[PDB]
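Visitor:
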Amino acid sequence: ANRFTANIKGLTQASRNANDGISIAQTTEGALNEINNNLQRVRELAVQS
Amino acid sequence: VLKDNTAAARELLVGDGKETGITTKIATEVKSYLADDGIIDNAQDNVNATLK
């Protein structure tokens, strides 16, 4: 029972760790969305040029 | 002006009709704007890509 309890708590913590990873990945993705939109505007300007 | 200097004013508005005439130039640049792959269509394509 001691061993099982330790594993249970560890896995529980790992759950929120994975959630944190999700959060950071999403934020990075949003930033990259902004970068991509700006680069699309650059493409517009190049097509003009 | 029409009564008196009609030919003169014609030379201004139209002129040769090839590289002269206010209407001539206006037609040239409006055609450039409206031409395929023109500025308008380029902007619209950009917007469509953003929608995608």
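Residue numbers (PDB author numbering), protein chains in the order written: chain K, 51 to 99; chain R, 365 to 416. Heads up, the beta-carbon is just placed ideally off N, CA and C, and yes, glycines get one too.
(1) For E94/K, which residues in chain R fall below 8 Å Cβ to Cβ?
(2) If we ignore side chains and look at the alpha-carbon of each, how far apart do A372/R and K395/R end up?
(3) Whole angstroms are fine: how far does the CA of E393/R sit from the CA of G381/R?
(4) Are the CB atoms of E94/K and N410/R nearer to each other than 7 Å?
(5) Rounded to whole angstroms, what's the CA-CA distance from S99/K to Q408/R? Just pull it up for me.
(6) Under three-state DSSP, which class holds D409/R?
(7) Just the Cα atoms here: how many angstroms apart are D70/K and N87/K?
Guide: Let me spell this out:
(1) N406, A407, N410
(2) Going by C-alpha positions, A372/R is about 27 Å away from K395/R.
(3) 14 Å
(4) yes
(5) 17 Å
(6) helix
(7) 26 Å
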